[PDB]
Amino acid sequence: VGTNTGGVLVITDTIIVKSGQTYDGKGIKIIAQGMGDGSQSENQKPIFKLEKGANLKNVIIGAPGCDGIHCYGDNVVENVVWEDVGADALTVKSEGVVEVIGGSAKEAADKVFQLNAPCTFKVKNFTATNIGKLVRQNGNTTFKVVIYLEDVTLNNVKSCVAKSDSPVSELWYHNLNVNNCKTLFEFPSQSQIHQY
């Protein structure tokens, strides 16, 4: 809850958060129009583009989730709720540290989080329900990401919690609770998965 709770911002183009800015929604809900349908199609725009060092906080992203939130690194995404994930909820598009802290995501047909560049990706105090995967390192990429899942609770994970084809990436978990998931991690070695 914040001072904008009960308000909805209807957008027709991606919100760009410039480097060094924190976009604080104060509880506002964002609904994108003409930017996608939230399907898995690749002809959608992101709701948000966070330049390097931009932060986002306290927004609810309504359906359609479109192409979610494009992060160009060193971003904090705090108390963001994806009421219905689109193609994906958030994508790391450039190198850096990206932290998703608080909030939740719901109804991701595929992945919630998509890692397309080397990064440290931390998901903290987050719940997700009805998802295909929580985190996917871009398919067949072999750069390194380090994933931290800390105080993450997942419900109904169709594929796996996290998948990477990189032999060098790592996944660190601490209080990761997973209900209804056949396979936790799909990495080249279980030695890349660590508890802390």
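Residues carry their position along the shown sequence, with the first being 1.
As listed in the deposited structure, the average C-alpha B-factor of 183-191 and of 168-176 is greater for 183-191.
Per-stretch averaging of Cα B factors for 95-103 and 77-85 places 95-103 on top. As recorded in the entry, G27 carries the highest CA temperature factor of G27, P64, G68, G132. When the C-alpha B factors of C160, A54, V146, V59 are read from the deposited coordinates, the top value falls at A54. In the deposited entry, the Cα temperature factor of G139 sits in the bottom third of values across the chain's modelled residues. Ranked against the other modelled residues of its chain, the C-alpha B-factor of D37 as given in the entry falls in the middle third. In the deposited entry, the Cα temperature factor of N43 sits in the top third of values across the chain's modelled residues.
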